[PDB]
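Input: a single structure, listed below in structure tokens.
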Amino acid sequence: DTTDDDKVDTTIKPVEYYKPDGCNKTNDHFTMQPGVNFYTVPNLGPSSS
Amino acid sequence: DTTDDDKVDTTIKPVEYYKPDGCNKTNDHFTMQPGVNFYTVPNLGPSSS
Amino acid sequence: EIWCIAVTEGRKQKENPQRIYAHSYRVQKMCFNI
Amino acid sequence: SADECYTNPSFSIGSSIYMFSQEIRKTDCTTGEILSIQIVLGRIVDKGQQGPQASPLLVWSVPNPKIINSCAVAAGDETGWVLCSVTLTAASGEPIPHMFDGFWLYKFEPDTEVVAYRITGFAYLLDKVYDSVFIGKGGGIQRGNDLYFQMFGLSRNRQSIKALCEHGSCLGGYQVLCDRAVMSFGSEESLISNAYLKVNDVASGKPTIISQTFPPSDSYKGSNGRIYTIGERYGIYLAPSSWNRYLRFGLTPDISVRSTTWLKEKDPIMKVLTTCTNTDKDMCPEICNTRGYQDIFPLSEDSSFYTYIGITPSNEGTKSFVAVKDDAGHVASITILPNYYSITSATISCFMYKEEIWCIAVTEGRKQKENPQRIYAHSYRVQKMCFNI
Amino acid sequence: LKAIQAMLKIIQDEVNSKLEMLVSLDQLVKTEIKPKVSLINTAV
Amino acid sequence: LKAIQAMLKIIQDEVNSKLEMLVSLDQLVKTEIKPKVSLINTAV
Ligand SMILES: *[C@@H]1O[C@H](CO)[C@@H](O)[C@H](O)[C@H]1NC(C)=O
Ligand SMILES: *[C@@H]1O[C@H](CO)[C@@H](O)[C@H](O)[C@H]1NC(C)=O
Ligand SMILES: [Zn+2]
């Protein structure tokens with residue numbers, strides 16, 4: 001509860017890995033896939049022409 | 001779905017023309033008309049006195 | 001929906017200098033049964 | 001700064017923009033040096049507060065403030081105006097107090113430079129000959145391509161004086177006092193009078209000025225006033241300056257003297273900044289000085305309803321209230337500013353906001369006894385009511 | 001020697017004139033910019 | 001005496017050149033910064 005008390009901005013955190021929560025049954029395959037969209041992130045830093 | 005992924009700002013798009021979607025019946029006339037209001041768009045560019 | 005912007009030259013008052021103005025409107029799709 | 005005094009405020013609201021002007025004098029507040037004159041243009045906006053809030057866009061100072069008798073503002077549609085009366089200067093470049101040398105007119109617009117015009121001897125044609133001219137503090141209006149302001153000053157006279165002398169039951173000596181009150185230094189040939197001032201054809205870039213004076217027979221000693229717009233009609237407010245301290249407000253279909261008629265109401269009665277001794281009941285003629293200003297804002301087409309702020313002197317500065325007077329003569333009032341030592345003046349402008357009538361009052365006064373004079377602004381609303389007797 | 005006196009006349013005129021820009025710039029920053037930066041700060 | 005004439009040549013060149021920065025700076029503040037500060041103020 002108190003873990004974020006001293007953070008100035010709480011938008012993001014360090015990675016907390018996914019777990020097979022319930023995906024442990026017979027013939028049950030746990031996996032990960034990328035999303036379909038690939039968004040732009042403008043103005044990460046300065047550029048020129 | 002991915003068509004807007006690389007846009008910085010998605011407020012407007014290029015024109016996609018209207019179609020007579022269902023307005024193809026006997027004695028059914030498809031048309032277009034202007035709206036009643038004519039709004040101001042201030043500060044399109046600099047001016048002076 | 002389709003919106004349009006019109007840019008025009010003119011004068012607000014008779015004695016004013018010429019200036020450029022801009023206004024916007026929309027096109028409304030309509031379908032009439034005769 | 002404790003050596004600076006803010007006075008002679010002028011405030012007017014247009015469609016979305018407001019004009020505000022203030023003078024800064026040194027120490028005296030009345031006869032002290034003018035250090036600067038400042039004009040502010042801005043908008044009235046909703047900032048998530050209980051009432052309407054100000055938002056300055058352009059702040060500008062008047063050049064060569066030392067040669068100005070007075071300035072007043074007017075506001076229209078996305079534009080504002082400032083009209084200043086100026087005095088003569090000596091060969092040394094120093095101004096000569098209480099003299100007249102034409103007018104300056106300024107035009108203000110958003111995100112734009114200020115345009116100045118000079119109105120000189122061949123541009124202004126005054127009804128009579130004036131030695132000194134002042135522009136009414138209250139401000140003026142714009143109608144079409146013309147501006148209307150109120151003015152007063154010293155007018156040369158050659159006719160016999162028969163001054164207006166209306167009062168309540170009072171114990172021809174009074175007529176003599178009434179005739180003397182309007183004279184400057186007791187000289188019959190020098191009167192202090194009010195007049196309308198019209199600025200013609202402002203859009204042409206070459207404005208001219210025409211005035212029209214009120215005769216003594218229907219006027220008291222000249223004073224600060226304001227021009228109002230009331231639907232298709234107009235109105236004029238003239239502050240107390242002498243023995244008559246009753247409300248003086250008139251209506252007219254056109255900006256002219258002959259067509260002007262006056263209201264029969266008395267409230268507010270001015271009680272502050274006066275040397276008069278007459279009682280509020282009889283208002284007997286005497287020779288005295290009043291230098292306050294408390295205007296009103298009409299809430300109906302015939303000014304049968306109006307809102308005003310009353311001020312009364314006490315042993316601890318002043319006490320104040322906001323009031324609305326209805327067409328039956330009844331007055332509803334609420335006490336205001338309990339934490340302020342003193343308030344000496346008030347000007348009121350009203351507008352529609354959130355589908356109801358709201359008003360802003362600008363006042364001069366002091367928060368604490370030892371403070372310098374400053375200008376404050378507050379807002380309130382008028383609530384429509386209907387009672388079954 | 002007059003060449004030197006002439007040279008100083010040239011130098012003085014050029015410098016005294018150009019430094020007018022410094023006076024104007026300073027007045028602008030203090031009167032125009034400083035005030036609105038304060039207004040903007042409060043707003044945000 | 002030529003030492004003095006040379007000295008003035010040095011002084012003039014150094015000052016006249018450096019003051020170009022003042023002209024550029026002033027143009028920048030009036031053209032670039034002032035306008036957007038106004039735009040920002042209105043927005044907020
Ligand atoms: C899977 O995990 C659940 C607990 O969430 C457990 O009850 C169940 O017996 C497990 N099944 C297998 C095959 O591990
Ligand atoms: C109109 O279009 C519809 C499909 O939306 C179609 O079913 C119908 O038969 C068409 N009628 C005519 C006259 O084309
Ligand atoms: Zn009543």
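By convention here, the chains of the structure tokens are called A, B, ... in the order presented, each chain's residues are numbered starting at 1, and ligands are numbered starting at 1 in the order presented.
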
>> Please identify all protein, DNA and RNA residues within 12 Å of ligand 1, counting only C-alpha atoms and all ligand atoms, and report them as a list in words.
In response: residues 19, 20, 21, 22, 23, 24, 25, 26, 27, 28 and 29 of chain A

Got time to write the residues from that selection, C-alpha atoms, as a tab-separated table (two decimals), in the first residue's frame?
```tsv
chain	number	residue	atom	x	y	z
A	19	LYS	CA	2.29	-15.94	-14.35
A	20	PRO	CA	0.16	-18.94	-15.45
A	21	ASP	CA	-2.55	-18.22	-12.89
A	22	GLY	CA	-4.87	-21.17	-13.43
A	23	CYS	CA	-3.24	-22.20	-16.76
A	24	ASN	CA	-1.86	-25.36	-15.23
A	25	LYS	CA	-4.51	-27.86	-16.43
A	26	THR	CA	-4.06	-30.82	-18.75
A	27	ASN	CA	-3.51	-29.69	-22.34
A	28	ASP	CA	-3.49	-26.05	-21.20
A	29	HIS	CA	-0.77	-23.98	-22.88
```

>> If we count only C-alpha atoms and set the cut-off at 12 Å, which residues sit around residue 1 (chain B), ignoring sequence neighbours fewer than 3 positions away in its own chain? Please answer as a PyMOL selection string.
In response: (chain A and resi 35-39) or (chain B and resi 4-6)

Would you save the residues of that selection, restricted to N, CA, C and O atoms, as a short mmCIF file (atom, residue, chain, number, x, y, z; two decimals), in the first residue's frame?
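Written output follows (result_20.cif):
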```cif
data_model
loop_
_atom_site.label_atom_id
_atom_site.label_comp_id
_atom_site.auth_asym_id
_atom_site.auth_seq_id
_atom_site.Cartn_x
_atom_site.Cartn_y
_atom_site.Cartn_z
N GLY A 35 0.66 -7.21 -29.26
CA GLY A 35 -0.59 -6.63 -29.76
C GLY A 35 -0.48 -6.29 -31.23
O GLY A 35 0.60 -6.30 -31.81
N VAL A 36 -1.62 -5.95 -31.84
CA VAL A 36 -1.68 -5.69 -33.27
C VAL A 36 -1.22 -4.28 -33.65
O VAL A 36 -0.76 -4.05 -34.77
N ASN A 37 -1.38 -3.34 -32.73
CA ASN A 37 -1.05 -1.96 -33.02
C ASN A 37 0.38 -1.64 -32.65
O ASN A 37 0.95 -2.23 -31.72
N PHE A 38 0.99 -0.70 -33.37
CA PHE A 38 2.36 -0.27 -33.13
C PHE A 38 2.42 1.25 -33.15
O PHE A 38 2.52 1.86 -34.21
N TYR A 39 2.25 1.86 -31.98
CA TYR A 39 1.96 3.29 -31.90
C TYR A 39 3.22 4.13 -31.96
O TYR A 39 4.27 3.71 -31.50
N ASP B 4 -4.24 4.51 -38.04
CA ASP B 4 -3.94 5.74 -37.33
C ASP B 4 -2.78 5.61 -36.36
O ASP B 4 -2.51 6.51 -35.57
N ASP B 5 -2.08 4.47 -36.42
CA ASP B 5 -1.03 4.19 -35.44
C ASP B 5 0.12 5.19 -35.51
O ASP B 5 0.74 5.49 -34.49
N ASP B 6 0.42 5.68 -36.70
CA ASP B 6 1.58 6.54 -36.88
C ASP B 6 1.21 8.01 -36.96
O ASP B 6 2.04 8.84 -37.35
#
```

>> Set the cut-off to 10 Å and count only C-alpha atoms: what are the residues of chain D that reach chain F? Output as an NGL selection string.
In response: :D and (55-58 or 111)

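When CA of residue 133 (chain D) is paired with CA of residue 153 (chain D), their separation reads 4.6 Å.
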
>> For a quick test of understanding: name the residues of chain F lying within 8 Å of chain E when counting only C-alpha atoms, and present them as a PyMOL selection string.
In response: chain F and resi 4-5+8+12+15-16+19+22-23+26+34+37-38+40-41+44

Using only C-alpha atoms, I'd like a table of the residues in chain C that come within 8 Å of chain D; for each, show the closest atom pair and its distance in Å rounded to one decimal, ordered by chain and ascending number, as a tab-separated table.
```
residue	atom	partner	partner_atom	distance
C:13	CA	D:203	CA	7.6
C:15	CA	D:204	CA	5.4
C:16	CA	D:203	CA	6.8
```

Restricting it to C-alpha atoms, dump the selection as a compact mmCIF listing (two decimals), in the first residue's frame.
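Generated file (part_39.txt):
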```
# COMPACT_ATOMS: atom_id res chain seq x y z
CA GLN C 13 -17.10 47.83 -42.19
CA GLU C 15 -14.13 52.12 -44.29
CA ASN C 16 -11.97 49.26 -43.03
```

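A straight line drawn from CA of residue 240 (chain D) to CA of residue 176 (chain D) is 19.3 Å long.
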
> Hey, what's within 12 Å of residue 185 (chain D) if we count only C-alpha atoms and toss same-chain stuff fewer than 5 positions away? As JSON, numbers by chain, please?
Replying inline: {"D": [154, 180, 190, 191, 192, 287]}

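Of note, CA of residue 160 (chain D) and CA of residue 183 (chain D) are spaced 11.5 Å apart.
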
>> Could you list, as a list in words, all residues that come within 6 Å of ligand 3? Count only C-alpha atoms and all ligand atoms.
In response: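 Residues satisfying the distance criterion: residues 326, 328 and 330 of chain D.
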
If the cut-off is 12 Å, can you tell me the residues of chain B near chain F, counting only C-alpha atoms? I'd like them as a PDB file with N, CA, C and O atoms, in the first residue's frame.
```pdb
ATOM      1  N   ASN B  43      -7.862  33.317 -35.292  1.00  0.00           N
ATOM      2  CA  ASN B  43      -6.432  33.094 -35.215  1.00  0.00           C
ATOM      3  C   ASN B  43      -5.942  32.001 -36.154  1.00  0.00           C
ATOM      4  O   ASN B  43      -5.038  31.244 -35.807  1.00  0.00           O
ATOM      5  N   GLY B  45      -4.276  32.800 -38.642  1.00  0.00           N
ATOM      6  CA  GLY B  45      -2.941  33.357 -38.820  1.00  0.00           C
ATOM      7  C   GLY B  45      -2.917  34.805 -38.317  1.00  0.00           C
ATOM      8  O   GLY B  45      -3.965  35.370 -38.027  1.00  0.00           O
ATOM      9  N   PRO B  46      -1.740  35.421 -38.209  1.00  0.00           N
ATOM     10  CA  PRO B  46      -1.483  36.767 -37.721  1.00  0.00           C
ATOM     11  C   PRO B  46      -2.239  37.847 -38.522  1.00  0.00           C
ATOM     12  O   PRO B  46      -2.480  37.708 -39.733  1.00  0.00           O
ATOM     13  N   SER B  47      -2.566  38.950 -37.838  1.00  0.00           N
ATOM     14  CA  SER B  47      -3.163  40.133 -38.455  1.00  0.00           C
ATOM     15  C   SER B  47      -2.714  41.407 -37.720  1.00  0.00           C
ATOM     16  O   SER B  47      -2.019  41.334 -36.700  1.00  0.00           O
TER      17      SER B  47
END
```

> Counting only C-alpha atoms, what is within 9 Å of residue 18 (chain B), bar same-chain residues fewer than 4 positions away, as a list in words?
Replying inline: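 Everything that qualifies: residues 32 of chain B; 2 and 29 of chain C.
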
> Using only C-alpha atoms, which residues sit within 9 Å of residue 5 (chain C) once same-chain residues fewer than 6 positions away are excluded, as a VMD selection string?
Replying inline: (chain B and resid 41) or (chain C and resid 22 to 26)

> Would you list which chain D residues are within 8 Å of chain B using only C-alpha atoms, as a PyMOL selection string?
Replying inline: chain D and resi 112-115

> Quick one: residues within 8 Å of residue 225 (chain D), only C-alpha atoms counted, chain neighbours fewer than 3 positions away excluded, as a PyMOL selection string?
Replying inline: chain D and resi 136-139+150-151+236-239
